[PDB]
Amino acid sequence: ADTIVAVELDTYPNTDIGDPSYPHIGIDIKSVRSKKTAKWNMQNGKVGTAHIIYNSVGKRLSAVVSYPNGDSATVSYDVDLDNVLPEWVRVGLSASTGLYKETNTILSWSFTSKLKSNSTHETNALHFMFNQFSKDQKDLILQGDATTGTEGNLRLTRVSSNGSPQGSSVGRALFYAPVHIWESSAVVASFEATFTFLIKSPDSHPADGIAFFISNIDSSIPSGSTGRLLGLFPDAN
């Protein structure tokens, strides 16, 4: 029922629903079967960094995941989001575990949206940046198992007392304010987001990954979207 555009960091290859048989980043447009992907050397235990970028002039959504000192995977997909998203949306992060599991820690998150026309480069803008999460974060909507305060961190999926990931968990966090991503007079709309994540898995076969998603404002976790559906899509079509 929801419209979802997402960039997925996928740590487990469900080949039966279109996954490359490796860890990959991907671009999803309304479906979990990514429109485009790229091989990703998931570095268990290391803190990574994901940048998403988009602007309506170029009409190309791009993403990069990089680890401190070395690797970057990267992926882009030309798409015009005017005819996909609604002009008001909410922005968030999502992650799930299933049979196998991993921590899905978000250590920081920032987003910037601009609607520019001409009028001497005049704008509408939203910007937020958490470089630390409070135990009482009144400006995040937490959904599912998502919790905060865990060392100043956003724990998207459930973790037991000692610091071990639990299975079939699904959490999401959305910024509280609606976002006006597109508008018909805007000669250039654009956005870009970054978050630093730490994925850790003991059972060295992690699952399921994390996603940054833009949705219709009233989105909530579809029934039975733990594991391979990333808490985003209600089926795998």
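One-based numbering along the sequence shown.
- Residue 158, present in the displayed chain, carries coordinates in each of the other PDB entries compared that cover both sides of it, far from a third leaving it out.
- Checked against the other entries of this protein, residue 122 counts as unresolved in at least one third of those spanning it.
- When 81-89 is weighed against 98-106, 98-106 comes out higher, by mean CA B-factor as recorded in the entry.
- When the C-alpha B-factors of 54-62 and 203-211 are averaged, 203-211 comes out higher.
- Within the listed group 38, 27, 186, 47, the record reports its top CA B-factor for 186.
- Take 113, 74, 143, 119 and read off each C-alpha B-factor from the entry; 119 has the highest.
- The deposited CA B-factor of residue 159 belongs to the highest third of values across its chain.
- Compared with the other modelled residues of the chain, the Cα B-factor recorded for residue 127 ranks in the lowest third.
- In the PDB entry, a CA B factor belonging to the highest third of its chain's modelled residues is recorded for residue 236.
- When the modelled residues of the chain are ordered by their C-alpha B factor, residue 194 lands in the middle third.
- Ranked by C-alpha B-factor against the other modelled residues of its chain, residue 221 falls in the middle third.
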